[PDB]
Amino acid sequence: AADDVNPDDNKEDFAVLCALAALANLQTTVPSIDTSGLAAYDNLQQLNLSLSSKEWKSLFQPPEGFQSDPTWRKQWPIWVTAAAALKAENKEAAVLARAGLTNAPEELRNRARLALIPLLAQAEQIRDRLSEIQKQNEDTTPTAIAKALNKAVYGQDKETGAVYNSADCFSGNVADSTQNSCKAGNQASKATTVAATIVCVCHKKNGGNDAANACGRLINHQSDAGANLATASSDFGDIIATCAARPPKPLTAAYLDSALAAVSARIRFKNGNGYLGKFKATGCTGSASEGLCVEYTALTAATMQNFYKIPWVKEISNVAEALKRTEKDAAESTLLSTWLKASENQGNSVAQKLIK
Amino acid sequence: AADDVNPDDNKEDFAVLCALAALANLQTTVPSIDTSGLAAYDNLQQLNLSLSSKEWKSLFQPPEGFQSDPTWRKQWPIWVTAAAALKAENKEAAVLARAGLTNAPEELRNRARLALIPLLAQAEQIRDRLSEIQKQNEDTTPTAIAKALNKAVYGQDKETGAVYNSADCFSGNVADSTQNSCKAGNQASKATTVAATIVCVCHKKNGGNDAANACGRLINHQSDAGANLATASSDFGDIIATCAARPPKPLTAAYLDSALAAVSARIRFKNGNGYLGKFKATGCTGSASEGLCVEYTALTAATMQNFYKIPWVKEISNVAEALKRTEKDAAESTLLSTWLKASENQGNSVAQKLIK
Amino acid sequence: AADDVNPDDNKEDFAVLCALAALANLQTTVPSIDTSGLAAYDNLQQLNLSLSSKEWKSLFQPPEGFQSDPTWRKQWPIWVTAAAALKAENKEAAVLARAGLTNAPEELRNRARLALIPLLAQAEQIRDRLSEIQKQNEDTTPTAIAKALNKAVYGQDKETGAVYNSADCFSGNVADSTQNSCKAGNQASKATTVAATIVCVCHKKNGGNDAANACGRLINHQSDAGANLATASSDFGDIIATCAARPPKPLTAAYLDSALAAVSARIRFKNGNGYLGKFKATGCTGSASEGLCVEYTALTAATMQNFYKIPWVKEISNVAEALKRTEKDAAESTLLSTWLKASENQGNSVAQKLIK
Ligand SMILES: *[C@@H]1O[C@H](CO)[C@@H](O[C@@H]2O[C@H](CO)[C@@H](O[C@@H]3O[C@H](CO[C@H]4O[C@H](CO)[C@@H](O)[C@H](O)[C@@H]4O)[C@@H](O)[C@H](O)[C@@H]3O)[C@H](O)[C@H]2NC(C)=O)[C@H](O)[C@H]1NC(C)=O
Ligand SMILES: *[C@@H]1O[C@H](CO)[C@@H](O[C@@H]2O[C@H](CO)[C@@H](O[C@@H]3O[C@H](CO[C@H]4O[C@H](CO)[C@@H](O)[C@H](O)[C@@H]4O)[C@@H](O)[C@H](O)[C@@H]3O)[C@H](O)[C@H]2NC(C)=O)[C@H](O)[C@H]1NC(C)=O
Ligand SMILES: *[C@@H]1O[C@H](CO)[C@@H](O[C@@H]2O[C@H](CO)[C@@H](O[C@@H]3O[C@H](CO[C@H]4O[C@H](CO)[C@@H](O)[C@H](O)[C@@H]4O)[C@@H](O)[C@H](O)[C@@H]3O)[C@H](O)[C@H]2NC(C)=O)[C@H](O)[C@H]1NC(C)=O
Ligand SMILES: *[C@H]1O[C@H](CO)[C@@H](O)[C@H](O)[C@H]1O
Ligand SMILES: *[C@H]1O[C@H](CO)[C@@H](O)[C@H](O)[C@H]1O
Ligand SMILES: *[C@H]1O[C@H](CO)[C@@H](O)[C@H](O)[C@H]1O
């Protein structure tokens, strides 16, 4: 009976699964896109507009004749936002004061505006990159991450309050038999969440000849999963009660990737299938002489990409891919913003040069 | 007796603990804040000062009348450092030569100085950010990290030479009983270091009915831990002798976070407490029929934050948080410095434009 | 016989080894050095050349008199590339059009060129840093990584098609005895690849009293490794057939470092040597009463650096060190390139200022 499923035989599998289950109902921060540079650029646009002729200001759709000019079409919303911001009480005075241009002669206003031309041209692509980053990463949010991870763990597309429910944990609820419920990657794939995987790898079936405590001796299996997982919820509660795992905060792509890699290194191939958990014979039925496992039906080395298409695996992968991008773009945005704030400071100094 | 504590029953716990114990007496490099930009900025300040009027130079506390001017108050130490540096033999000549301003006419000196105004204004916030980074990360040092990690592993706040000593490894030395010494997170928390955790999870008690080799069959337990851990040091020596772990270098936040996450995923909850190591009944006493473990008294899922307040856990967390910041700030500083060096090169070119 | 080598006794060692073996025949992307800034700089050089005098253009070795001028020596290839690019049909017209300098008066051409002086001087060190990064990281390629990792796993310095072959997996082929083949770090070091390590830790010897299934019960050992590993290949095939591991993509330094750290934390020291896999007595012979392991002969805590000199360990370390550098330099290059593109946009705006 060492070859049967005994207490602790799935203990090490359980540790990896526990780490994954701790991704449920997650409250993480995400890497911050530093968008302070956008305000700095807007401030420069407001200075430029303030220093413009009464004819140019009168303009604030581009007007007939420029409706089709590619520069006017791109700049219009930017100019419109600047004009609107400038209308606010004391805002133009403040803009001019910061620039050293309060009560400036017209000669100086014009020279100062012209001086801004290269500065604005240098800042434009920096600002446009920052605005692109912002847009590209706008779905990397704590909420979106939490929902995707709750789909992975519990099959529930919600930010919080996710709980074990077989209707969600197994795709279309539990099958007619445990053997069929504990299959994934196959034509009738059922064990499509981390929680279903835990049930398959750890449950105590009713009726005797069970593998109670396969996932650890500290589980208090107070009930059982019924026959054919009919009442898996009570048993899952007892199993998951033993899990204390917490992921690092903020959550990183690297951590998620390491967790998926850890699972992949535990799956074992036999007879044309892959298995997570102890498999002896027949199938993943919850019987001690058979197996307490997930059967990745027809999974093989050359078809391992199919593991990554299983819903929980795909959801976690999507989150990691989003975080991988956002981590880099956040670091880039720090510098873009600092540079734009520096351009704003430069624009505020040009009058000093020109007076002198 | 499979449910008793047998040889190897804590082997996998030991591997994770070994990785943590290898953080003792650590000699790591830390991410470098690239401060070369500060010198570049100083060089620009020296050029600006060199090109100033004899009246401005005569000034080198701001003088009566400017003592309260916010710009003079901020710039004074910078200007003072520039003036001091310029006094050094041949330094002003070298500054002027690099700028193409040796023997420059007064007209050109003045125009060149004015040209510097926007350049200096752009560089100022870049330099101030770099100086802020430097200050914010000045305690992320190999020494500070080593001391915090030695507190974590051995309870000894020192850079090197940390060793097992029960007076330090257990908070206030060992308790009256093993059961009480092998508790953490509770009103009389004792097992507050990684080394105490290893003792609790791995020791061979005297008097028979011990769990020798729970942490691995290659341990040569040549002695024992005494009764109630009275002579734990000799036994700890034999246990730790089997540990070969090395962390990656340079040490990273990610690695530390992964190690704490790995421990968290191993702690098992039963009867209102958490346990690391095999627990059967009664307590973590070192007796084979009872347990060889740490009891995280009253630890539960909803109170898991309390695990992170345990001294060794907090120390490692602090180190990881420091490294997480410094990794990012180091990457930012690379670009800040390159930009400041480029500004210096730009300042050295303005005379060529103005001559022509 | 719990102290003998039984089925599953090396299962956890095998999971870590499987993760390492999955580095064979790897197809990863590497962090991209963003070199778009180099083209941007070239465009600026072409604008500068276009705006130069017919005397300066006539020049396109520096000419007699400037052959030794440090500026001319550095700039010559850059200027030569610019002149060559400008000769291409319509290229000069396009350069001038982008700059607003089509049909520009000579006065404006000259003023515009002079305006470029500080811009080019600021861009020069940014471009030179980017070109340095490019050169420093030019061997961090998918091909080079794949070859080094195939040396690590299979001892075959090739990009793809690496397979088990004892002539390559063991240094100089298998030794006269398993005990001697399963040694590393010593005067006659043999087990110098991950695959040799797997053979040593997992093989089924012929002749009875073997430790079949030490690395897991799902292995179908259809044959055996012969006597003294004489036919290890067939047996290795059956063992590795059970391994499904995939590393994260793109491959990271952190992942590689974590994998080497994981192995280091598993090696156990006894009797002056280190061991990976279960060791009871005598040596790593494949006999159940002796050991199924690699013997790191004379490895000790103070000599653990010697583990990192073992060929597979060194190869993976080299890859991680290369990736660690390239990850950082890639992130730096993103900003260098954005800045150079912004300088190009600035250069294209100077005529607008000067006309006005
Ligand atoms: C900063 O404020 C400036 C105004 O003070 C903005 O300058 C305007 O910028 C656009 C380029 O996007 C130029 O558009 C060109 O216009 C000519 C035709 O110019 C004539 O008509 C306009 C409109 O009545 C008038 O403003 C001019 O003086 C001329 O009478 C076209 O042939 C080009 O294709 C292009 O459309 C404007 O000419 C220019 N105006 C002035 C007065 O400089 C500037 O864009 C602001 N900067 C930024 C970055 O937003
Ligand atoms: C580069 O070197 C310059 C000197 O060659 C520095 O310029 C000085 O910078 C401060 C701004 O921080 C200006 O302070 C203003 O001063 C006026 C009063 O100015 C009169 O008095 C000063 C002192 O006797 C004299 O230098 C001026 O010519 C005037 O006679 C105040 O009303 C302002 O609130 C502010 O305090 C200096 O005026 C300015 N001096 C000159 C000659 O330009 C410059 O700061 C250095 N750049 C950097 C970045 O450090
Ligand atoms: C942008 O294009 C410019 C040409 O339009 C390039 O300017 C040339 O740049 C080099 C600096 O690397 C200067 O070299 C100096 O030359 C003087 C001697 O100058 C006299 O002879 C040259 C050659 O016949 C002639 O071009 C000058 O007008 C003078 O008659 C030396 O004493 C210095 O040590 C140094 O060698 C050139 O003078 C300069 N030429 C002009 C016309 O400005 C410029 O380098 C290009 N920019 C970049 C970044 O590539
Ligand atoms: C588990 O239960 C099945 C179903 O009765 C039985 O066939 C096995 O022998 C038992 O271990
Ligand atoms: C460990 O030691 C205790 C104390 O004598 C005993 O109660 C247990 O039965 C033994 O295993
Ligand atoms: C493994 O094989 C060796 C060689 O015959 C023997 O000495 C051991 O007793 C056996 O377990």
Side-chain angles (χ1 to χ4, degrees), chain A residues 41 44-60 62-76 78-79 82 109-110 113-114 116-124 127, chain B residues 1 4-5 100 177-179 205-211 227-228 280-283 285-292 345 349 352-353 355-356, chain C residues 41 44-60 62-66 68-76 78-79 82 100 109-110 113-114 116-124 127 345 349 352-353 355-356:
Chain A
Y41 187 80
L44 283 166
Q45 278 287 337
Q46 290 172 44
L47 178 62
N48 186 60
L49 180 53
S50 177
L51 294 174
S52 304
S53 64
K54 311 230 228 238
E55 295 75 19
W56 180 257
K57 284 181 180 190
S58 81
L59 303 176
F60 307 99
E64 283 281 24
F66 293 96
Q67 304 206 327
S68 301
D69 186 301
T71 296
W72 286 62
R73 296 180 80 266
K74 63 171 171 153
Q75 292 295 68
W76 205 253
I78 301 290
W79 294 337
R109 290 169 45 90
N110 280 94
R113 196 181 73 261
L114 300 176
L116 299 177
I117 288 169
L119 191 161
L120 286 164
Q122 194 285 338
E124 184 169 306
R127 182 259 175 220
Chain B
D4 297 320
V5 189
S177 64
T178 303
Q179 181 164 163
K205 73 173 201 66
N206 83 356
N209 304 304
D210 58 84
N228 299 120
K280 174 173 169 169
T282 301
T285 64
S287 163
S289 300
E290 293 167 353
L292 194 66
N345 200 235
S349 77
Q352 187 193 338
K353 174 177 160 189
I355 285 170
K356 302 249 197 44
Chain C
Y41 187 80
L44 283 166
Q45 278 287 337
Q46 290 172 44
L47 178 62
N48 186 60
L49 180 53
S50 177
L51 294 174
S52 304
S53 64
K54 311 230 228 238
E55 295 75 19
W56 180 257
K57 284 181 180 190
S58 81
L59 303 176
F60 307 99
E64 283 281 24
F66 293 96
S68 301
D69 186 301
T71 296
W72 286 62
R73 296 180 80 266
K74 63 171 171 153
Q75 292 295 68
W76 205 253
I78 301 290
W79 294 337
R109 290 169 45 90
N110 280 94
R113 196 181 73 261
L114 300 176
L116 299 177
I117 288 169
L119 191 161
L120 286 164
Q122 194 285 338
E124 184 169 306
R127 182 259 175 220
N345 200 235
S349 77
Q352 187 193 338
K353 174 177 160 189
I355 285 170
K356 302 249 197 44

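Order of listing sets the numbers, starting from 1, for every ligand and every atom in it. Naming: A, B, ... by sequence-line order, numbering from 1 per chain.
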### Task
Please name the pair of heavy atoms, one in B:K356 and one in C:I117, separated by the smallest distance, quoted to 0.1 Å.
NZ-CD1, 4.4 Å
### Task
Give the minimum heavy-atom separation between B:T282 and B:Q179, together with the two atoms involved.
O-OE1, 3.5 Å
### Query
Can you check side-chain contact (heavy atoms from CB on, under 4.5 Å) on A:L49 and A:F60, steps first, answer last?
CA-CA 10 Å; A:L49 180 53; A:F60 307 99; 4.2 Å; yes
### Query
Can you name the residues that form a side-chain contact (heavy atoms from CB on, under 4.5 Å) with A:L59, not counting sequence neighbours?
A:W56, A:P63, A:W72, A:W76
### Inter-residue atom distance A:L119.CG - A:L47.CG, 0.5 Å rounding
9.5 Å
### Task
Work out which heavy atom in B:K205 is nearest to a heavy atom in B:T285; give both atom names and the distance.
CD-O, 4.3 Å
### Query
What residues come within 4.0 Å of ligand 3, counting heavy atoms only?
B:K356, C:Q45, C:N48, C:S52, C:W56, C:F66, C:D69, C:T71, C:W72, C:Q75, C:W79, C:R113, C:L120
### Query
Checking C:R109 side chain against C:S53 main chain: does a donor-acceptor pair fall under 3.5 Å?
no
## Note on the structure
Using heavy atoms and a strict 4.0 Å limit, residues surrounding ligand 5 turn out to be B:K205, B:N209, B:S287, B:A288, B:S289, B:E290
### Task
For B:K280, enumerate each residue passing the salt bridge (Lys or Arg N to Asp or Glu O under 4.0 Å) test, keeping only those at least two apart in sequence or located in another chain.
B:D3, B:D4
### Task
Evaluate side-chain contact (heavy atoms from CB on, under 4.5 Å) for A:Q75 paired with A:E124, printing each intermediate quantity in order.
CA-CA 10 Å; A:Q75 292 295 68; A:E124 184 169 306; 4.0 Å; yes
